[PDB]
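K.L.:
can you look at this? It's an experimental structure, sequence on top.
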Amino acid sequence: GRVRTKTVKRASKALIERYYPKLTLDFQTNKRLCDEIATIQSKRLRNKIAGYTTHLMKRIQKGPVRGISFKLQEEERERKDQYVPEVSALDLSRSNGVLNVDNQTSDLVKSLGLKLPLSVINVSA
Amino acid sequence: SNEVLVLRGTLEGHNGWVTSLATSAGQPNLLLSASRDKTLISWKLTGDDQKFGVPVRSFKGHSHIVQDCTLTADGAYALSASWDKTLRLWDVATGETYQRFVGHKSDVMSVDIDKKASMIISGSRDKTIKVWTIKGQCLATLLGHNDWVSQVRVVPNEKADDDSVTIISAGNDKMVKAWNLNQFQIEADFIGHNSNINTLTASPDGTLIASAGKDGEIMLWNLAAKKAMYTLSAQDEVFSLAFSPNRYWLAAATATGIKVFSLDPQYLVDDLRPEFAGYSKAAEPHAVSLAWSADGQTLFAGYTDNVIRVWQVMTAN
Amino acid sequence: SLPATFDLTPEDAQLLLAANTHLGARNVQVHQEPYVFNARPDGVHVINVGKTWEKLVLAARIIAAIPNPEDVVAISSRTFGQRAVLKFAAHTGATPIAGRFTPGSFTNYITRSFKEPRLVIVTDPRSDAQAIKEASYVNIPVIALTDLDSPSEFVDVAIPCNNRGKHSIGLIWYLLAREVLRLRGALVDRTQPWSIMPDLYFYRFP
Amino acid sequence: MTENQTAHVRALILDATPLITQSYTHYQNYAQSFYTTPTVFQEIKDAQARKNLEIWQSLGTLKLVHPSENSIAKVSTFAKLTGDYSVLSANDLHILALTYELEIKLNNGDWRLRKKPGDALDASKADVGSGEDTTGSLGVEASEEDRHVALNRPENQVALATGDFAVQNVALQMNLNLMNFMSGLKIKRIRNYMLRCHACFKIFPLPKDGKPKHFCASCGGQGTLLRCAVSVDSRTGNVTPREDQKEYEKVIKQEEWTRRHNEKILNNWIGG
Amino acid sequence: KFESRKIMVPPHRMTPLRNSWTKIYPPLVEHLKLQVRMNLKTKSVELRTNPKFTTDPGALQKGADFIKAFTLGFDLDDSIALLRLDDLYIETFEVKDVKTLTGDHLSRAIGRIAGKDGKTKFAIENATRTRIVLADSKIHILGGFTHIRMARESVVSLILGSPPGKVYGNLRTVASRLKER
């Protein structure tokens, strides 16, 4: 089997996690791209790395891969806070201002000493 | 009432990516193609609904693949740019190389001749735009680009060359450079791009600059006023641009298809996406070169699957 | 040893009964019998929420008692818990552990996941039990969020809540965050509600 | 001597269940125009269904119409608001979007459609001109002029013929007209089974795969989900009645891989 | 010229019946061309034929044999092997028929035919072209006579209390001149 070496794999992983956008589906541009950005000592190894970056540009255009890309990581930096609801489920208007509370928790409310808009609901089994 | 571009045939003679197309003004039948099969192939075209006639010549003199080609006003000389650090001037009838331009330390992307066939530039990714004559003497070496020079062009003069030889170059450092070739210094800089600019072209009157690249921003500069007019969005990456010689149409070679924009009125005319067999949606071939004909009715188009397509302007209901 | 303003404000009690924190599991351990008040007769117990408020008041005092705010570490492996602890670590400056907590992180200084805390918060002591037992080797207090059938060993100041629902865990992390920022001094007025809503901590799966 | 049964509906959206169960002659006396999605027609694979589709294509009454993308986004927003988006298919969402677009085009507006569940209908614009409770539509001996007046009414302009209970609940939430595939009468109420939390009292629909949820979506109680029958009224629009372990996701992926390997083994046994 | 057979559904297997019935009926209905009707109340399955079906009288007996197989613990891949082949038959036998055992002796005999992680059961399905399901006091082996006969010799070795190592040695001996011929 022609399993590629780990240096070519790791160099392609670094150059695609950091230098994504100028690499494309054409190997011939990627050859002098990795010439102009990377100092690789031999023509054979830089051909290996440029062909592997071409192949990872081939399958990256169909979907996301487990490795790091920037243009997704801004997006899960506003995924943390962009979907704040104006009214949550914990607000009063989703139950018309009066809570759906059984008799025992209303006994907790009247025993602890607080005033609260509760509707007693009778539940069994 | 619409002007509809309909595919009428194919042109297969290449083994590499057709990276340039050149049209002639002396005759309208000649199409010169620079491709990545290390050769250049000229064509006389017999207009039919499925095929075209004669695979005329093969111009093999280049050690590596060939990037750019251009034609003269008469249409007798072929001027090629390739990756063998040289440029070559050909004869389109037989294929004799008159002279080889040797000044570049790296590989060449673009070449353009002037209107009087005396003034030759050369665009290469060695951060150097070199100036050549017909006999092949490098009389200037223009520096200033901090990254690759993807494309160079010669601006058409509007007042019959009133002592202002102007050329324009779109670098790969998100910046466009325009030179005045009477005293060989930088004239104007067009700042405002965000990615690498694959191409640029000049309007037929010589006042508009259309530059686009990976970001999909076809930024329209006014060269006569030396300012930035407006921005057109073309979404994906754009490889080649060409202006219509008669109409105000601006057609782009995008990664999804060929998007034809209109400057007056501002609307998108057509989105040419040819049919493909046996390829996925992430595997469809894209356009890297296009050229308008001498009458503005025939739109040539070169792709990456060794096939040159054509499109003609008709009038619909 | 606390002022009288610190108790249950009724909008917080409405907020607690809105998130169904008072509902719990079916087994009641010997240790956590005082947290239950009585049983709704299907098999679901209801918990004293004043104990949850005052117990998280203790946990807020433990977190405010540390001198270095970067030395408290939040632990999570539940699906709601990663979002909850990253919001808590964003808002108080703690060090979060999201997803798989690395074994050998509290001993074994060689590993780059070695953090020694002085104080550890855990989403539940059953699924994140390995951080509990590795913190049992290097003398670390752990304040935790325990259910009514959680393992009660090796925890101290444990907050009864519901770890099953996303409402209760996101809210109870939000209330710990707002309690410690109202106790540190970032929000001066005790009367003023905190400007961030609790639904920021809430998990959504798209 | 059969009576001339006039069509009470101008256009009816037909699903694959009504196209497979009933022929074109059963739907000819009820609706004037037949509209359907192309993906629903492409999903038909039975031989008698292909013969009925060929007979309908020879008749030419069926119109293959794809729904608009904005109506698809509105239908997806309505399904996310009602929570039925997890059980509804993309073909069901496209059929609901095509029905919404046909109701918008036929009634010249969206005054009869509810944007949100529980929202009151805009009745001020109306003066500018199987578990299904279908009672109240019987005993109507309408004449030909009465049938023409009913077909000229905006309430009978568009109908949705489908057998999916999630799509029927989405149409009841959107206040859309639902018709029986065998009877052709307008649906007034629908009774379906929904998953109710025994502690949190949260309402969720039945699963599409039929697998029981071991943990509730909101409550998280083990065994807290119970089968509860829910009734939905078309006029009111009101429906009247752990999993955080990585080993659980591994078990779900192993069950999916076992189902895929069993399907591959069954396909190899059928094709062998 | 119809014909219907009546068969009994065990309570221990009606939940995998309603789990994998969608994989049970369409192969036999398509390839073998029969009619099935349930009676979920009265634990009965109606396997019926019609002159509108294909004339094949023995496959009705085969279909009753598939549901008789599924009665006694048997999975669906052995139903595919029973679809494709004809030499494969079914057997029951009792623990008490070899040796009178009681209680923990019965439990240790069930442990001997089961083994650590079912490994002696694995060794008796792979080396003999047999398939093993253990009931409380019933043993069940599918297959042909040369296969199930050496399965008989192995299982009456094992339920007599012979050690499983001698079972493995005799098992690979009879498997060796099984695959030799």
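P.N.:
Ah, there it is. Numbering: from 1, shown residues only, chains lettered A, B, ... in the order given.
K.L.:
any idea how far residue D:89 is from the closest residue to residue D:23 other than its chain neighbours?
P.N.:
Spatially, and ignoring its direct neighbours in sequence, residue D:23 is nearest to residue D:52 (5.8 Å; Cβ to Cβ, 6 or more residues apart in numbering or on different chains). Placement of C-beta: from N, CA and C, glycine included. Counting by Cβ to Cβ, to the nearest Å, the gap from residue D:52 to residue D:89 is 22 Å.
K.L.:
give the contact list for residue 35.
P.N.:
No chain in the question, so chain A it is. Counting by Cβ atoms under 8 Å, 6 or more residues apart in numbering or on different chains, residue A:35 touches residue A:46.
K.L.:
nope, chain D
P.N.:
Counting by Cβ under 8 Å, 6+ apart, the residues that residue D:35 touches are D:11, D:12, D:13, D:14, D:62, D:63, D:65, D:98, D:102.
K.L.:
the residue nearest to residue D:23: neighbour count?
P.N.:
17 (other Cβ atoms under 10 Å in any protein chain shown).
K.L.:
so who does it touch?
P.N.:
Applying Cβ under 8 Å, 6+ apart, the residues contacting residue D:52 are D:19, D:20, D:23, D:24.
K.L.:
and those residues, which are buried?
P.N.:
Among the contacts of residue D:52, those scoring as buried are D:19, D:20, D:24 (criterion: 16 or more other Cβ atoms under 10 Å in any protein chain shown).
K.L.:
near chain B, from the residues you listed?
P.N.:
Among the buried ones among the contacts of residue D:52, proximity to chain B is found for none (Cβ under 8 Å from any Cβ of the partner chain).
K.L.:
export those to CSV and tack on distance to chain A and secondary structure?
P.N.:
Formatted as CSV, the buried ones among the contacts of residue D:52 follow (distance: Cβ to the nearest Cβ, whole Å; DSSP: H, G, I helix; E, B strand; the rest coil):
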residue, distance to chain A, secondary structure
D:19, 35, helix
D:20, 35, helix
D:24, 42, helix
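K.L.:
between these, which is closest to chain E?
P.N.:
Taking Cβ to the nearest Cβ as the measure, chain E lies nearest residue D:20 of the buried ones among the contacts of residue D:52, at 16.5 Å.
K.L.:
was I right about that closest one contacting residue D:46?
P.N.:
Yes. Taking contacts as Cβ atoms under 8 Å, residue D:20 lies within contact range of residue D:46: 6.5 Å.
K.L.:
SS state for the residue of chain E found nearest chain C?
P.N.:
Of all residues in chain E, residue E:15 sits closest to chain C, with a separation of 24.4 Å (Cβ to the nearest Cβ). The local conformation at residue E:15, judged by DSSP: H, G, I helix; E, B strand; the rest coil, is helix.
K.L.:
so how far is chain B from it?
P.N.:
Using Cβ to the nearest Cβ, to the nearest Å, we find residue E:15 at a distance of 44 Å from chain B.
K.L.:
that residue and residue C:128: what is the separation?
P.N.:
35 Å.
K.L.:
neighbour count for those two, which is higher?
P.N.:
With neighbours defined as other Cβ under 10 Å, residue E:15 and residue C:128 compare such that residue C:128 has more, 21 against 9.
K.L.:
so what's residue D:171 up against?
P.N.:
D:96, D:99, D:160, D:162, D:177, D:178.
K.L.:
can you give me the helices for the chain?
P.N.:
Since you didn't name a chain, this refers to chain A. Secondary structure of chain A by DSSP state H: the helices cover A:6-17, A:27-37, A:43-60, A:70-73, A:75-78, A:103-112.
K.L.:
meant chain C actually
P.N.:
Using DSSP H, helices in chain C cover C:10-18, C:49-65, C:79-92, C:129-135, C:166-184.
K.L.:
whether the first one contacts chain D - can you check?
P.N.:
Pointing back at helix C:10-18 there. No. Interface with chain D: helix C:10-18 contributes nothing (Cβ under 8 Å from any Cβ), its closest point being 11.0 Å away.
K.L.:
how far off centre is that helix?
P.N.:
From the chain centre to the centre of helix C:10-18 is a distance of 17 Å (Cα atoms, centre = their mean, to the nearest Å).
K.L.:
restrict it to CA atoms and write it as CSV.
P.N.:
C-alpha atoms of helix C:10-18 as CSV (Å, rounded to 0.1, in the frame of the first residue of the first chain):
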residue,chain,number,x,y,z
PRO,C,10,-39.7,35.9,44.5
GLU,C,11,-38.7,36.4,40.8
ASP,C,12,-35.8,34.0,41.4
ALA,C,13,-38.3,31.5,42.9
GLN,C,14,-40.5,31.9,39.9
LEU,C,15,-37.4,31.4,37.8
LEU,C,16,-36.6,28.2,39.8
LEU,C,17,-40.1,26.7,39.5
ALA,C,18,-40.0,27.7,35.8
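K.L.:
flag every buried residue along that helix.
P.N.:
Within helix C:10-18, judged by 16+ other Cβ under 10 Å, the buried ones are C:12, C:13, C:14, C:15, C:16, C:17, C:18.
K.L.:
same deal with the second one?
P.N.:
Going by neighbour count (16+ other Cβ under 10 Å), the buried part of helix C:49-65 is C:49, C:50, C:52, C:53, C:55, C:56, C:57, C:59, C:60, C:62, C:63, C:64.
K.L.:
what is the nearest of those residues to chain A?
P.N.:
Relative to chain A, and with distances defined as Cβ to the nearest Cβ, the nearest of the buried residues of helix C:49-65 is residue C:50, at 5.2 Å.
K.L.:
just list the residues touching the closest one, thanks.
P.N.:
By Cβ under 8 Å, 6+ apart, the neighbours of residue C:50 are A:112, C:7, C:8.
K.L.:
neighbours of the last one, how many?
P.N.:
The burial metric for residue C:8, expressed as a neighbour count using other Cβ under 10 Å, is 16.
K.L.:
and it, its phi and psi?
P.N.:
phi -70, psi 110 (degrees, to the nearest 10).
K.L.:
grab the nearest non-local neighbour of it.
P.N.:
residue C:53 (5.3 Å).
K.L.:
give the contact list for the closest residue to residue B:235 other than its chain neighbours.
P.N.:
Leaving aside its chain neighbours, residue B:235 sits nearest to residue B:216 (4.6 Å; criterion: Cβ to Cβ, 6+ apart). When the contact criterion is Cβ under 8 Å, 6+ apart, the partners of residue B:216 are B:233, B:234, B:235, B:236, B:237, B:238, B:254.
K.L.:
what's the answer for residue C:176, then?
P.N.:
Counted by Cβ under 8 Å, 6+ apart, residue C:176 has contacts C:56, C:59, C:60, C:63, C:88, C:121, C:159.
K.L.:
now the residues you listed in CSV, with distance to residue E:29?
P.N.:
Below are those laid out as CSV (distance: Cβ to Cβ, whole Å):
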residue, distance to residue E:29
C:56, 62
C:59, 63
C:60, 66
C:63, 66
C:88, 58
C:121, 59
C:159, 59
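K.L.:
distance of the spatially closest residue to residue B:180 that is not a sequence neighbour from residue D:45?
P.N.:
Closest residue to residue B:180 apart from its sequence neighbours, by Cβ to Cβ, 6+ apart: residue B:187 at 4.4 Å. Counting by Cβ to Cβ, the gap from residue B:187 to residue D:45 is 69 Å.
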